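**Student:** The structure that follows is given in the form of structure tokens.
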Amino acid sequence: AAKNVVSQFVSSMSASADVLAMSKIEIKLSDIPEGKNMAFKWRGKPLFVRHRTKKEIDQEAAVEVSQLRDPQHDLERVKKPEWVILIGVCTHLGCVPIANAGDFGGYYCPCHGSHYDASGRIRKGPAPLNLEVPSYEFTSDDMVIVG
Amino acid sequence: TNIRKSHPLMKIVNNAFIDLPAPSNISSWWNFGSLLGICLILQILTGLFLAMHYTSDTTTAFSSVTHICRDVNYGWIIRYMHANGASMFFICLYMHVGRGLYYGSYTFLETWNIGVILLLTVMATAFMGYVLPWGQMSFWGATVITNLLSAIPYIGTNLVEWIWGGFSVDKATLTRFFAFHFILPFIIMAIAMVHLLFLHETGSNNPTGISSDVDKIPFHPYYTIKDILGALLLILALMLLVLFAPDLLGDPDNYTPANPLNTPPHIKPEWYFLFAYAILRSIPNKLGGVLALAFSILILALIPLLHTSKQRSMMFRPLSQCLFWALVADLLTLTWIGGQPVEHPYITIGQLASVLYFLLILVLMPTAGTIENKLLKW
Amino acid sequence: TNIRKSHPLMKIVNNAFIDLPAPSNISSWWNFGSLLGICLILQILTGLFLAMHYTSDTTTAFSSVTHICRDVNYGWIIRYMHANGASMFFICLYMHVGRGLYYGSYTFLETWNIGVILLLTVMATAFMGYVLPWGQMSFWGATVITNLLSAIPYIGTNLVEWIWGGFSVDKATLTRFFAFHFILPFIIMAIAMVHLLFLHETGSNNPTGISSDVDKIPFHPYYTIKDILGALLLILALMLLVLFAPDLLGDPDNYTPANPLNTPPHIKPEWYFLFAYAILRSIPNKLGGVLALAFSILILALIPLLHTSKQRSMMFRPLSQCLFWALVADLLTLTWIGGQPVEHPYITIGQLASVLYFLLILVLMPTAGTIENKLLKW
Amino acid sequence: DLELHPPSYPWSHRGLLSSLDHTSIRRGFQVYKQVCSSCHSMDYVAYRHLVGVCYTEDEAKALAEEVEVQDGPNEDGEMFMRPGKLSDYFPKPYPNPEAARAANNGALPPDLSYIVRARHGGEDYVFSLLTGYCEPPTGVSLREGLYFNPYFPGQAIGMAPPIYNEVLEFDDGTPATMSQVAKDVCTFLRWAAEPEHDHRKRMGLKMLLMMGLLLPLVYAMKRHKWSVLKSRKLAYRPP
Amino acid sequence: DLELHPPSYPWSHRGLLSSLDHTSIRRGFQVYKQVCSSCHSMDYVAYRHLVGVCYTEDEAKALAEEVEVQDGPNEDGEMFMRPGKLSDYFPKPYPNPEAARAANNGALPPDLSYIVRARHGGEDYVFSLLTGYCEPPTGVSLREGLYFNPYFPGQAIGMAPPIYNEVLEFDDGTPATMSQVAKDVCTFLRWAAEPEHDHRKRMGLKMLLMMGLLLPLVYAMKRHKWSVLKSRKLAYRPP
Ligand code: HEC
Ligand code: HEC
Ligand code: HEM
Ligand code: HEM
Ligand code: HEM
Ligand code: HEM
Ligand SMILES: CC1=NC2=C(CCCC2)C(=O)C1c1ccc(Oc2ccc(OC(F)(F)F)cc2)cc1
Ligand SMILES: CC1=NC2=C(CCCC2)C(=O)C1c1ccc(Oc2ccc(OC(F)(F)F)cc2)cc1
Ligand code: FES
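Residue numbers (the deposited numbering), protein chains in the order written: chain E, 50 to 196; chain C, 2 to 379; chain C', 2 to 379; chain D, 2 to 240; chain D', 2 to 240. A prime marks a further copy of an entry chain.
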């Protein structure tokens, strides 16, 4: 009995069904063309999914690993090479980076002076971490669930 | 020597809980104290867990309570435990008081009067609790009952608007009712501890109303095991309501949100106020009705002074026994009448029941005591 | 015989308040207990009055707090009394602990350990209090500090999301933080009473650290009149803040509403956590930093075991005195460093101060005690 | 102002341990969808609520996508209209109560989320109301638009008989008689008002059984400890 | 990312017991009205707030009537626009933050209600910002629209110099220089953020005086009671 009663009361404090409802967001991958970025509303934040070209894949592959402020290779930032999924919150003091711009040709911020590459990694600016890589999995080849 | 009698914290526990000398012969009517404690703790836990999800803002309030029942995990079972737990509290309270009356435990004056205070505090808590869902009966119940205080000359009208924090029961009233409703149970817990502190000055009364010093048994294990059995039966009653009829003791109109225009058909408080609600409606004058409703509870403080019998308990007192059971049946009548619309024959029955309530306490049961005495050459 | 020693309620008051044997010679550092009590009661009243106007819904929360300060009658003076009252509480707490450390009152083990618990409870209360306005520093402070628990292996990440009731500090977190923040002061009041219950087992320590049984004075009038004077000085300090610099001990960024995108420049907790916040940032590894932040408080429980000196008080102990004042100055350094950005030279100073904190408590002050002993042929 | 209270119909969930007929819920939903949802709101039921009750995840996604809902703002600062998803609630017919009154000649159609719980009689009441519409007795008539129902308080309602034979074709092919349509919609409105119903009763059974076990056990423990005292004999032996 | 913090200007309310210059507030309001209120919201200040502070009841009624505000619904179920009254708050320029960003090239103009309290330096900071706009130093330029201000963090702001000589004619005929316009608006924004200011300080004086009285009195009471013990002499008299 006491196991059940306690365990229910513990359950009370964990996320309600309506908070679990906003946990995940489904994105259709055929709705974003090769090269263009598409923004989404996720957990009250922007969420950038970007279809990357054969050029953007190879150009972000052979980048210098050491020179970066936050050393991460590209093939471990993503699950599929042609898709990079990121939270659209600038890591320094919280802005929304604008797509297809900046020095490093990816995301740029007119708040302080940050430049992200096509892989979402900070190259030249005041930001301390790269743009945040969320938890996600591809289900069927056409669809992605983020969360 | 042991570390139950030695340790400053265990000492209080050992004396008031384990080695407490208890009469050998105390009946089921002595379980209600323990059960009141369980009720209070049950309300506090369930209540606290509900307060993690509720909001006192008038727009979101009704929605939050329903959000608890539909989206919050086991929020429904918590919510309905808390609502039926409030009923279980009042069942326990009136049974507990009845015991006191019948067996004359009220002679323990301080214990008794602290009781009266506790009763009044639980009432205040439960009145303000029922407002929190912000349904029709919530809002309209609160409006009518609060606004009775306007019947006081000179100040009454100000007083009402000061409780409200406005010109009707609105935003500031709901928010403060949440704050008072949160704090009061904790004040209850304190006063309940003082209640027992005075009880342990004398120890317990018993069914005979004759002193039991000659035959005391230690509280453990005898009454620890009985209290567990009692607790078990309380949980059964509660869960029978919660899992089989959670709406039985409430009202449907509290499932539509509060509307300051649209008045419900027969506006009424929750069942445990109905007896005193009927007394209010008996008197034609409004201030008279308020003073009668107030005296219908406060008269409990007067009971010890009205005691006439040379015997303490009603066990050995046939006339008093009948008059007592009449007083119970009358209260059951007032509860029924309280739930009815103001019409024939419920007006006249209500008047007649309210007359009989005060007549039984202030005249008949005192007379019966003295008649019983003169029958025993006393 | 009198009805101060007789009456069950007055008896407790007479023994723990009036006829209490107190050492003749206790200094100003003994006032802080009474002042902590006043603080607690002050917070409860002001807090309750604020709760009559506040709402825990994320959208209305910031607005309700400001609505208090602008539209509610004297809501501003209540609000800023409560915020500065929290500061006054922590001033009182650290002074009270310092007294205990310097004069070796911690030898009263149970009293001391209950103290540690009280400290931790007031901390938990004040952390969750600062979240309630739902400003930037509120939201971002809560986010960073809570999320430290994710550093625990296996469970940590679940634990954090379970406190939150979601995937960030949001709707369910604010509502529950209001409920916990309401209940906890009442739990504090209970534990504070147990705190004194153990203190009145031994009576008070004094500045000499020598037993004072040979020269006790009754608490009334001597310390009733001193405590009144103390209370008066506490009210002055509080009201000097409230009426002349109510924003001095807070942060400006908590006057802009909470934004889950827009991060504040240098996110930090309120001043009374800054010392332990600096200790956290000293260790490069995150779980290490959390275990150090936790041990920076819990080490208080270890102090009595670390006691080496054959004398109880530091009064007659020059080396310990210096090391104590070094430990105070170091804590003042950690508070300063805690308030700074993570850069040169504040990283290195912070590391060096955090080393010195644990070094002073675990090595230097114990050694100093034993050196002092061997200087006295002991 | 005489009163005719509803009779107690033998519902498939009438008994203490009887669950809701979920296939009846599935039909009843469609009776809200096809008939009511242009007049009554049902604010507390979302499209996700249907999953694992009357519809699958995939079915409920299709039902959600079928309806309009406002959302915004976008980066431009405008409020657009989008296809619904599981997280969206069942949409209100009108933007507000005042608009609703205008569309129904003064009378406000109540939200149906809790209507079973908010009216005395519950599903027995609603079923009687929906099927009970009849021709008025002699000596009687209300305002042009207020119909005669013997189960409504004051004997006159402001709702046009909403159910009749074949007002909808059901997805599982059940013959849609007036009484079948009412039965189903009531069963849905019961679940609307009280989603917990089935879990509640599962817990009830498990409570009754555990209490069946623990009560006589604890009672036996009681009699065991007390047996020292129940047995005892006293003797008074003065000198 | 170097930093230039503002100097401490001698405000008429700088001192412990110094009240706000209410005529300066009256001017400063108009500097919000004429200049800011098309860009910044000030949600927590209503037209009633002005009464007994900088304007009369009748003046504040006129200022309220001057502006548009949405209200509804009416019995038809529509949302209309009406002339403002005292109960209405100062209206937001845009319907939402996302609309505001679009109008100001990405940057969101902060609400001004608490801006004195929400920025380090307060009125000293804002005054320096408003008057401190200058030509950039050599080696420097930002994006086309982001101006140079030495007092803003990161040295580059997203606000066009808003104040200059004679940007407004004041109601009392004060010569509207850039520094006079900034001084006044700061004094208003101080009152915006902290309406209690004048009452707070009135209470401060009365507290200081009562404490001036009670502290030495209570201290005298202390020494009085304790004087039995302070005076006492001990003597050890073994046999
Ligand atoms: C075109 C209008 C319209 C349609 C179609 C309609 N309703 Fe209603 N309904 C109303 C109005 C108007 C009222 C308010 C009546 C009154 O107050 O007199 C109402 C009232 C109700 C009530 C409240 C009765 C009470 O006790 O007060 C219930 C229950 C109800 N409707 C259920 C339904 C169900 C079930 C359906 C279809 C399966 C339905 N309605 C279809 C307009 C409609
Ligand atoms: C046409 C546009 C416009 C006008 C006119 C304008 N502002 Fe602003 N203001 C902005 C924008 C955009 C920002 C955000 C700047 C940024 O983040 O870089 C801003 C920011 C501010 C800030 C915040 C500075 C900080 O520390 O972050 C203050 C204070 C301010 N304005 C006050 C005023 C006052 C006072 C006036 C007039 C008396 C005024 N503004 C007129 C657009 C305007
Ligand atoms: C929250 C409400 C209350 C709690 C928690 C409480 C608690 C208790 C407890 C635990 C006991 C001892 C066990 C028992 O005999 O039942 C007791 C006894 C008593 N209580 Fe209460 N009580 C409450 C309310 C009241 C009220 C409302 C009254 C009277 C108006 C009252 C009067 C008494 C008396 C007279 C006794 C002594 C009984 C005897 O020895 O025979 N109590 N109470
Ligand atoms: C003597 C103790 C208490 C009594 C008698 C009591 C009574 C009630 C009642 C009758 C309701 C209305 C229930 C309903 O119709 O839904 C209610 C609601 C509520 N109570 Fe209590 N209560 C008590 C203690 C507490 C405590 C300690 C808390 C919080 C710490 C609390 C929090 C709530 C909340 C949040 C609600 C609204 C949710 C709901 O409606 O169930 N209560 N209370
Ligand atoms: C809400 C928090 C607290 C309250 C209300 C409180 C209350 C009191 C009071 C009234 C006294 C007696 C007067 C005095 O000597 O100051 C006292 C003594 C004491 N407290 Fe606390 N206290 C609190 C927190 C703490 C903490 C955090 C500690 C230690 C970590 C502590 C340890 C002690 C000790 C050791 C004494 C004995 C002092 C002596 O006899 O010299 N207390 N407390
Ligand atoms: C140890 C006792 C307490 C402490 C240390 C404490 C601390 C705090 C702090 C630091 C804040 C934030 C103040 C601010 O920045 O505005 C706060 C807010 C608040 N507290 Fe408490 N509190 C205590 C007791 C209480 C109690 C008992 C209640 C209610 C019964 C309460 C109700 C509130 C409310 C409603 C707020 C939000 C209003 C505001 O921000 O001032 N507090 N508390
Ligand atoms: C303390 C008690 N004294 C007595 C009797 C009858 C016989 C003699 C006196 C009791 O049954 C008794 C008692 C009271 C309460 C019990 O459970 C609790 C329930 C709640 C509780 O908390 C609090 F403080 F009451 F709020 C504390 C204990 C268990 C036993
Ligand atoms: C109870 C007390 N005992 C002692 C000393 C010093 C000397 C000896 C021991 C005290 O100053 C002392 C005391 C403690 C608190 C005082 O005021 C209160 C403040 C708060 C309060 O409530 C509660 F319970 F603490 F929460 C109760 C009393 C007044 C006096
Ligand atoms: S705020 Fe965009 S990088 Fe500093």
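Just so it is clear, CB atoms sit at the ideal spot from N, CA and C, and this is done for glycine as well.
1. Establish whether the CB of D:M212 and some CB of chain C are separated by less than 7 Å.
2. Could you pull the start and end residues of the beta strand (DSSP E) that D':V70 belongs to?
3. Nearest-angstrom Cα distance between C:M89 and C:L281?
4. Give the range of the beta strand (DSSP E) segment to which E:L135 is assigned.
5. Return helix, strand or coil for D':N97, following the three-state DSSP convention.
6. Output, in chain order, the set of chain C' residues within a Cβ distance shorter than 7 Å of C:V123.
7. Between the Cα of C':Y81 and those of C':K172, C':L239 and C':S321, spot the shortest distance and give me the residue it belongs to.
8. For the alpha helix (DSSP H) that C:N85 lies in, which residues bound it at each end?
9. With distances taken from each beta carbon to the nearest heavy atom of ligand 9, which residues come in below 6 Å, in chain order?
10. If contacts are defined as beta-carbon pairs under 8 Å, then C':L21 and C':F220 qualify, I think. What distance do you get, rounded to the angstrom?
11. Give a yes or no on whether 7 Å exceeds the smallest Cβ distance from E:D67 to chain C.
12. Report the rounded CA-to-CA distance for E:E75 versus C':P270, giving the unit in angstroms.
13. With burial defined as no fewer than 16 other Cβ atoms inside 10 Å of the residue's Cβ, what is the status of C':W326: buried or exposed?
14. State the DSSP-derived secondary structure class of C':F109, mapped to helix, strand or coil.
15. Report the neighbours of E:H100 on chain D': residues whose CB is nearer than 9 Å to its CB, in chain order.
16. Compute every distance between the C-beta of D':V127 and the non-hydrogen atoms of ligand 2, then say whether any falls below 6 Å.
17. Return helix, strand or coil for C':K172, following the three-state DSSP convention.
18. Can you list, in chain order, the residues of its chain with a C-beta nearer than 7 Å to that of D:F153? Leave out the 5 residues immediately preceding and following it.
19. Which full runs of the beta strand (DSSP E) of 3+ residues lie inside the stretch 76-123 of chain D', going along the chain?
20. At which residues does the alpha helix (DSSP H) containing C':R313 begin and terminate?
21. Can you have a look at D':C37 and say buried or exposed, based on whether 16 or more other CB atoms are within 10 angstroms of its CB?
22. Just to check, is the beta-carbon of D':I116 closer than 6 Å to a non-hydrogen atom of ligand 2?
23. Consult DSSP for D':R191 and reduce its assignment to one of helix, strand or coil.
24. Between C:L175 and C:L160, which are expected to be in contact by the criterion C-beta below 8 Å, what is the C-beta distance as a whole number of angstroms?
25. Quick check: is the beta carbon of C:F245 nearer than 7 Å to any beta carbon in chain D?
26. Taking 6 Å as the limit between beta carbons, can you name the residues of its chain near D':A108, skipping five residues before and five after?
27. Below 7 Å on C-beta distance, what does D':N97 contact in chain D?
28. Name the residues in the stretch 215-238 of chain D whose C-beta lies less than 8 Å from a C-beta of chain C; which are they?
29. Between the C-alpha atoms of C:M138 and C:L353, what's the straight-line distance to the nearest angstrom?
30. Could you pull the start and end residues of the alpha helix (DSSP H) that residue 17 of chain E belongs to?
31. Where DSSP assigns a beta bridge to E:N86, which residues make up the other side?
32. Thinking just about the alpha-carbon of each residue, which of C':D252, C':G290, C':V364 and C':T147 is nearest to the one in D':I116?
33. Following a CB-centred definition, is C':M194 positioned closer than 6 Å to any heavy atom of ligand 8?
34. Grouping DSSP H, G and I as helix and E and B as strand, with all else coil, what is C:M190?
35. Give me, in chain order, the residues of the same chain whose beta-carbon lies closer than 8 Å to that of residue 1 of chain D; leave out the 5 immediate sequence neighbours on both sides.
**Tutor:** Once the coordinates are examined:
1. Numbered from its first residue, the fourth sequence carries residue 212 of chain D at position 211. D:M212 counts as touching chain C.
2. Within the fifth sequence, residue 70 of chain D' is the residue found at index 69, counting from 1. Taken as a continuous stretch (DSSP letters only), the beta strand (DSSP E) holding D':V70 covers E69 to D72.
3. By 1-based counting over the second sequence, the position of residue 89 of chain C is 88. By 1-based counting over the second sequence, the position of residue 281 of chain C is 280. Rounded to whole angstroms, C:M89 to C:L281 spans 24 Å at the Cα level.
4. The residue given as residue 135 of chain E occupies position 86 in the first sequence. Start and end: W132 to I136.
5. For the purposes of this step, residue 97 of chain D' is taken as the residue at position 96 of the fifth sequence. In the three-state DSSP reduction, D':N97 falls in the coil class, being neither helix nor strand.
6. Taking the second sequence and counting its residues from 1, one reaches residue 123 of chain C at position 122. Here the premise fails: no neighbours, minimum Cβ distance about 17 Å.
7. The residue you call residue 81 of chain C' lines up with position 80 of the third sequence. Comparing C-alpha distances from C':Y81 to each of C':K172, C':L239 and C':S321 shows the shortest one belongs to C':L239.
8. Numbered from 1 along the second sequence, position 84 holds the residue referred to as residue 85 of chain C. It spans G76 to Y103 - the alpha helix (DSSP H) in which C:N85 sits, taken as one unbroken run.
9. Near ligand 9, residues with a Cβ at less than 6 Å from any of the ligand's heavy atoms are E:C139, E:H141, E:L142, E:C144, E:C158, E:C160, E:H161, E:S163, E:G174, E:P175 and E:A176; the list follows chain order.
10. As a working mapping, residue 21 of chain C' is identified with position 20 in the third sequence. As a working mapping, residue 220 of chain C' is identified with position 219 in the third sequence. Going by Cβ atoms, the distance from C':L21 to C':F220 rounds to 4 Å, so yes, they are a contact pair.
11. The residue given as residue 67 of chain E occupies position 18 in the first sequence. Interface residue, yes.
12. As a first step, residue 75 of chain E must be located in the first sequence, where it is residue number 26. As a first step, residue 270 of chain C' must be located in the third sequence, where it is residue number 269. Approximately 37 Å, taken between the alpha carbons.
13. On the third sequence, residue 326 of chain C' is found 325 positions in, with the first residue counted as 1. Around the C-beta of C':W326, fewer than 16 other C-beta atoms lie within 10 Å, and the residue is accordingly described as exposed.
14. The count along the third sequence starts at 1 and reaches residue 109 of chain C' at position 108. Judged by DSSP in its simplified three-state form, C':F109 adopts coil rather than helix or strand.
15. On the first sequence, position 51 is the one that residue 100 of chain E refers to. Going along chain D', no residue has its Cβ under 9 Å from E:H100, so there is no contact; the nearest lies around 25 Å.
16. Locating residue 127 of chain D' in the fifth sequence gives position 126, counting from the first residue. It does: the Cβ of D':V127 is within 6 Å (strictly closer) of some heavy atom of ligand 2.
17. Locating residue 172 of chain C' in the third sequence gives position 171, counting from the first residue. For C':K172, the secondary structure class from DSSP, reduced to helix, strand or coil, is helix.
18. The count along the fourth sequence starts at 1 and reaches residue 153 of chain D at position 152. Leaving aside the five residues that flank D:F153 on each side, the residues in its chain whose CB is nearer than 7 Å to its CB run, in chain order, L130.
19. Residue ranges of uninterrupted beta strand (DSSP E) with 3 or more members, entirely inside the stretch 76-123 of chain D' and ordered along the chain, are 81-84.
20. Taking the first residue of the third sequence as position 1, residue 313 of chain C' is located at position 312. Premise fails: C':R313 is in no alpha helix (DSSP H) and is neither H nor E.
21. Reading the fifth sequence from its first residue, position 36 is the one you call residue 37 of chain D'. Buried, because 16 or more other Cβ atoms sit within 10 Å of the Cβ of D':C37.
22. Working through the fifth sequence from its first residue, we reach residue 116 of chain D' at position 115. Result yes, Cβ under 6 Å from ligand 2.
23. Stepping through the fifth sequence from its first residue, residue 191 of chain D' is reached at position 190. In the structure shown, D':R191 sits in a helix (DSSP, three-state: H, G or I).
24. Along the second sequence, one-based indexing puts residue 175 of chain C at 174. Along the second sequence, one-based indexing puts residue 160 of chain C at 159. Incorrect: roughly 19 Å between the Cβ atoms, too far for contact.
25. Counting from 1 along the second sequence, the entry for residue 245 of chain C is found at position 244. It does; some Cβ of chain D falls within 7 Å.
26. Position 107 of the fifth sequence, counted from the start, is the residue given in the question as residue 108 of chain D'. Counting only Cβ-Cβ distances below 6 Å, and skipping sequence neighbours, we find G159.
27. Along the fifth sequence, read from residue 1 onward, the residue named residue 97 of chain D' stands at position 96. What D':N97 touches in chain D: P74 and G78.
28. Listed in sequence order: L215, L216, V219, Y220, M222, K223, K226, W227 and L230.
29. The residue given as residue 138 of chain C occupies position 137 in the second sequence. The residue given as residue 353 of chain C occupies position 352 in the second sequence. Between C:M138 and C:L353, the alpha-carbon positions lie close to 27 Å from each other.
30. Only positions 50 to 196 of chain E appear in the structure, and residue 17 of chain E is not among them; the question remains open.
31. Numbered from 1 along the first sequence, position 37 holds the residue referred to as residue 86 of chain E. In DSSP, E:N86 forms a bridge with E:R99.
32. Looking up residue 116 of chain D' in the fifth sequence gives position 115. The candidate whose alpha carbon is nearest that of D':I116 is C':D252.
33. In the third sequence, residue 194 of chain C' corresponds to position 193, counting from 1. For ligand 8, at least one heavy atom lies less than 6 Å from the Cβ of C':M194.
34. One-based indexing of the second sequence puts residue 190 of chain C at position 189. Helix.
35. Only positions 2 to 240 of chain D appear in the structure, and residue 1 of chain D is not among them; the question remains open.
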